[PDB]
Amino acid sequence: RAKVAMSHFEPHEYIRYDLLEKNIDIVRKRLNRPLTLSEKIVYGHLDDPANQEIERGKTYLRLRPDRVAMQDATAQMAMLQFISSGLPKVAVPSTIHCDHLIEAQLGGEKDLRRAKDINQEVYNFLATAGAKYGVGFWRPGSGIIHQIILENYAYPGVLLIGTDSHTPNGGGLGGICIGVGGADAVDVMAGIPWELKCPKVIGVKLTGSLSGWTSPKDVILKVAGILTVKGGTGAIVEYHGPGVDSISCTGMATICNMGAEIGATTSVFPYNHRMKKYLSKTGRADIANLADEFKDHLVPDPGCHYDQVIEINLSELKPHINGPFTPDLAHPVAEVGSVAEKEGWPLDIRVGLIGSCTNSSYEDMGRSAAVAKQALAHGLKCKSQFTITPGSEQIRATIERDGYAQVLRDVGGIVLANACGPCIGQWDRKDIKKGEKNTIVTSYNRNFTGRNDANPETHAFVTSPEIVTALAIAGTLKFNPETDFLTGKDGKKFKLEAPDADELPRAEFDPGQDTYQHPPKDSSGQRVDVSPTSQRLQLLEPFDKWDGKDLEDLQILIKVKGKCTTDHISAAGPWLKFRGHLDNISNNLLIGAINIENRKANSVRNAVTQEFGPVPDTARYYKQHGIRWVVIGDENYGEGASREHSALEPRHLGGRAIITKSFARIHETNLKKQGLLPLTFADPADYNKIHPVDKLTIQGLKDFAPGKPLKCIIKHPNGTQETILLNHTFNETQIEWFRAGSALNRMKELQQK
Ligand code: SF4
């Protein structure tokens, strides 16, 4: 048909809208009903469209994704697992992005230089693994992974998977972009089918047009407060309505991005003119042109059934600000100054932070700049500390050139390197002592306890870049930009005008410096050296196969109460240093969870010694002595980041099973991949029958089966037994992973030995 290539860097890899079409057609013949946009792209990508059983919320689809993307903090373990497979070359276009390890301290060029020195060992291992398996590499300084994908790799109709939970960002350009763990991405780099449980679809209908201070971030801050952190679990969010055309392509990216915060498999928009415009301005005008010929399969079918519909009138929507320690606690900016005051949240703002993959684009930077020049016109500068992260080299080079970066500098801001930085806690914050209670306002997405500075008493509120700017100028949460009056230098009271700004540069985008490094697809005659005495990298040893027996007299390591995020299970910040060393990173296991016995973080009873101590050391002690253990958690366990370390670490320290009232998706998949047993209570009130002193026997593992529950004998210390039933979402493919000890031990048996 046409030969239009997937990117400027793979000129030989072509977009298959013909294959999409062929399979959407086979599927709609079988179903005879309207398909939504997400069903078309997803079902369009099935390995077997004539035979696949499709039932939303029930069947597991075996899919063929178009590309794989990884960032430096999760690419390490994903590549160390690819090296154990023993396969020579990745089978689909794959990329590594070096965005997570650049700590913020001094600002821009300085922080990058110091990071290239400190992280040389790791960046070197990724560059060599890259050259060898044929994975493209974006060097430190290039930008935050999702801004680089939308600028170079995302198009209408792509199915892209990535080792980072905010990969949905790509829905701003009409693809199905989905967050996964390192072992899922190894399957796809290895060329085997990827499985996804078939999603429900929540249609959200946008009406009106946004006006003034309201921006794209307010739509997803309000959707989050309406649907809550677990309302999107098992669903794709599918936007539609007349209001869509009012939103920029990067603002659509913004909204798809933070759908991660309601547990959604991903979010997506239909191909329209704002997207076409952006493809053309990022040199992919031929992809805009080919999407016009395929437009019917890149929009939803007339009258498709959504499993839930929600409607938002953009024109009625006001400025929002969410948190303190969950992103679905939504307030209007006009009332946050009084709830905080009622609730005891601190009112003076210490630091205001714009950036992250949710809000770091050319439009975000210019809208922020426009509040800042008004303050400058009255001789005012930031009363809070103000830091600014650009999303990529191209945005850094271009806002510099269009004058924005200098306006933001003149009000008192520091421009950091194009990296995550403060958002995964790679910040060297020294204005507060730890445990000092304070307020930081960000334009980020998560605001879980201790995540930006490892201080639990930091109250972080997430919002939009123009509201962060306005409030940093004011220095207080009691300030509504829309109503209130600042006082200039001159003695005159003035009020801020709502910001106006271009969505893309009028001129072309200045590209900045070279940051991409292509694989030699020639040479690749590299050796990947991992020093055997290294502290940051260590090769893997397989896990144990299942011994054919049931799990008797298991010890409860911890029974967790409340919210247990993957930032509570495996902390980030200073622990990023060890993302390539399983034994050294296993020392943060569960140190942030609250134990129900004492309401304390990292303080659990050792069953043997009866002394209370750290969770890592207690699990190593149990392991050392042959005690197999279990974790009992509450609802929506594993909320957050997709880091597979949160499942690798309990397996490394002797953990056998995890039993919760519900799981967040990616974490449940990550636990089955590593040989553990994620199990749910068939009755959630059974959580109250189990006490940390009891021993549990999981029985009937020998005739393990999809749909059939397993029985748990809660042995109470007094001799009382009790049976409860525990359900599991395993299909027979997954049961082969557990029997073998892990998906990777299974993939290695199938290589005929
Ligand atoms: S949420 Fe923060 S840490 Fe995660 S990719 Fe976005 S910017 Fe980096």
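Looking at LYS434, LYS381, can you tell me which residue is over 29 Å from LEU329 (Cβ atoms), in the same structural domain as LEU471 (by CATH) and not polar (S, T, N, Q)? On inspection, the qualifying residue turns out to be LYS381.
Could you tell me whether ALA740 is out of contact with any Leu (no Cβ under 9 Å at 6 or more places or on another chain), of a type outside the set (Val, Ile, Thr), in the same structural domain as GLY675 (by CATH) and buried (at least 17 other Cβ atoms within 10 Å of the Cβ)? Judged against the criteria, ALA740 is a match. In segment 142-156, the residues that are closer than 10 Å to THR282 by Cβ form Cβ pairs under 8 Å with partners that are aliphatic (A, V, I, L, M) and within 13 Å of the ligand (Cβ to nearest atom), at six or more places apart or across chains, as follows: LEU150/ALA253.
Just one of (1) within 16 Å of the ligand (Cβ to nearest atom); (2) touching an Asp or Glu at 6+ places or on another chain (Cβ under 7 Å); (3) over 24 Å from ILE262 (Cβ atoms) fails for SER368. It is (1).
Scoring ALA705 on the criteria (1) surrounded by 14 or more Cβ atoms within 10 Å (Cβ to Cβ); (2) within 34 Å of the chain's Cα centre (by Cα); (3) without any contact (Cβ under 8 Å) to a residue 60 or more places away in the chain leaves a single failure, condition (1). The residues listed here are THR439, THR469; of these, the one that is within 28 Å of the chain's Cα centre (by Cα), assigned to a helix (DSSP H, G or I) and in contact (Cβ under 8 Å) with a residue 40 or more places away in the chain is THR469.
Cβ-Cβ distances below 7 Å connect the following pairs, each with a first residue in segment 3-18 that is closer than 18 Å to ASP514 by Cα, a second residue that is among the hydroxyl-bearing types (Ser, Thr, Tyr) and buried (at least 16 other Cβ atoms within 10 Å of the Cβ), and a separation of six or more residues or different chains: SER7/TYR153. Considering only residues in segment 633-657 that are touching a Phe, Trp or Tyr at 6+ places or on another chain (Cβ under 7 Å) and in a strand (DSSP E or B), the one that is farthest from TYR621 (Cα to Cα) turns out to be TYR637. Every listed requirement among (1) away from the ligand (no atom under 13 Å from the Cβ); (2) in a loop (DSSP other than H, G, I, E, B); (3) crowded, with 21+ Cβ neighbours inside 10 Å is met by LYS381 save one, (3). Checking each residue in segment 140-155 for being more than 13 Å from the ligand (Cβ to nearest atom) and touching a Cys at 6+ places or on another chain (Cβ under 6 Å) picks out only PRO140. Just wondering, is there one or more residues in segment 246-263 that are within 16 Å of the ligand (Cβ to nearest atom), buried (at least 21 other Cβ atoms within 10 Å of the Cβ) and on the phi > 0 side of the Ramachandran plot? Yes - at least one qualifying residue is present in segment 246-263.
Counting only residues that are aromatic (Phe, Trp, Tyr), more than 16 Å from the ligand (Cβ to nearest atom) and under 25 Å from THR228 (Cβ atoms), segment 436-488 holds 0 of them.
Can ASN584 be described as in a helix (DSSP H, G or I) and either surrounded by fewer than 24 Cβ atoms within 10 Å (Cβ to Cβ) or touching a helix residue (DSSP H, G or I) at 6+ places or on another chain (Cβ under 8 Å) (or both)?
Working: in a helix (DSSP H, G or I): yes; either surrounded by fewer than 24 Cβ atoms within 10 Å (Cβ to Cβ) or touching a helix residue (DSSP H, G or I) at 6+ places or on another chain (Cβ under 8 Å) (or both): yes.
Here the answer is yes, as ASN584 does meet what is asked.
Residues that are in contact (Cβ under 8 Å) with a residue 40 or more places away in the chain and touching a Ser or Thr at 6+ places or on another chain (Cβ under 9 Å) were ranked within segment 708-730; the one that is surrounded by the fewest Cβ atoms within 10 Å (Cβ to Cβ) is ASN727.
May I ask you to list the residues in segment 238-257 that are β-branched (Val, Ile, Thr) and either over 15 Å from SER165 (Cα atoms) or assigned by CATH to the domain that holds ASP634 (or both)? Steps first, please.
If we filter segment 238-257 for residues that are β-branched (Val, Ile, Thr), which is where we start, we get 244, 247, 250, 254-255.
Passing the criteria: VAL244, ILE247, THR250.
Selection of segment 505-555 for residues being more than 29 Å from the chain's Cα centre (by Cα), hydrophobic (A, V, I, L, M, F, W, C) and not assigned by CATH to the domain that holds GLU749 yields only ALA507.
Every condition in (1) in contact with a helix residue (DSSP H, G or I) (Cβ under 9 Å, 6 or more places away or on another chain); (2) in a loop (DSSP other than H, G, I, E, B) holds for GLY719 except the one numbered (1).
Here is the figure for segment 338-355: residues that are of a type outside the set (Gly, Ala, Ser) and part of a strand (DSSP E or B) total 6. Among residues of segment 211-229 that are at positive phi, those with a beta-carbon under 6 Å from a residue that is surrounded by fewer than 24 Cβ atoms within 10 Å (Cβ to Cβ) and not in a helix (DSSP H, G or I) at least six positions away or on a different chain give the pairs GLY212/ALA498; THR228/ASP328.
Quick check: is even one residue across segment 332-347 under 23 Å from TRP138 (Cα atoms) and of a type in the set (S, T, N, Q)?
Pass one, segment 332-347, residues under 23 Å from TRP138 (Cα atoms): none.
No.
Which members of segment 166-201 meet the condition of being within 30 Å of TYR278 (Cα to Cα) and assigned to a helix (DSSP H, G or I)? Once the filter is applied, which keeps residues that are within 30 Å of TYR278 (Cα to Cα) and assigned to a helix (DSSP H, G or I), segment 166-201 yields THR167, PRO168, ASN169, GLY170, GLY171, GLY172, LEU173, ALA185, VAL188, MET189. Taking segment 81-110 as the range and being touching a strand residue (DSSP E or B) at 6+ places or on another chain (Cβ under 8 Å) and within 16 Å of the ligand (Cβ to nearest atom) as the test, the residues that pass are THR95, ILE96, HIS97, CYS98, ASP99, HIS100, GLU103, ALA104. With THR387, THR358, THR326 as the choices, which residue is part of a strand (DSSP E or B) and either within 16 Å of the ligand (Cβ to nearest atom) or touching a strand residue (DSSP E or B) at 6+ places or on another chain (Cβ under 8 Å) (or both)? Criteria check complete, one pass: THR387. Among the residues examined, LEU160 does not qualify as touching a helix residue (DSSP H, G or I) at 6+ places or on another chain (Cβ under 7 Å), in a helix (DSSP H, G or I) and within 16 Å of the ligand (Cβ to nearest atom). Can you run down the residue pairs with Cβ atoms below 8 Å, 6 or more apart or on separate chains, where the first is in segment 408-428 and within 30 Å of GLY488 (Cβ to Cβ) and part of a loop (DSSP other than H, G, I, E, B) and the partner is within 16 Å of the ligand (Cβ to nearest atom) and of a type outside the set (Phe, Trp, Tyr)? Within 8 Å, the pairs are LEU416/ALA104; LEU416/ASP111; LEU416/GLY355; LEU416/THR387; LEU416/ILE388; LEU416/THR389; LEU416/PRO422. The set of residues in segment 266-323 being touching a strand residue (DSSP E or B) at 6+ places or on another chain (Cβ under 7 Å) and part of a loop (DSSP other than H, G, I, E, B) consists of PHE269, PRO270, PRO300, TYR306, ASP307, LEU314, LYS318, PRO319, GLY323.
Numbers and lists here come from the model and the stated rules, or from a named source; none is laboratory data. Don't worry about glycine lacking a Cβ; one is built from the backbone with ideal geometry, like all the others, and counts go over all protein chains shown.
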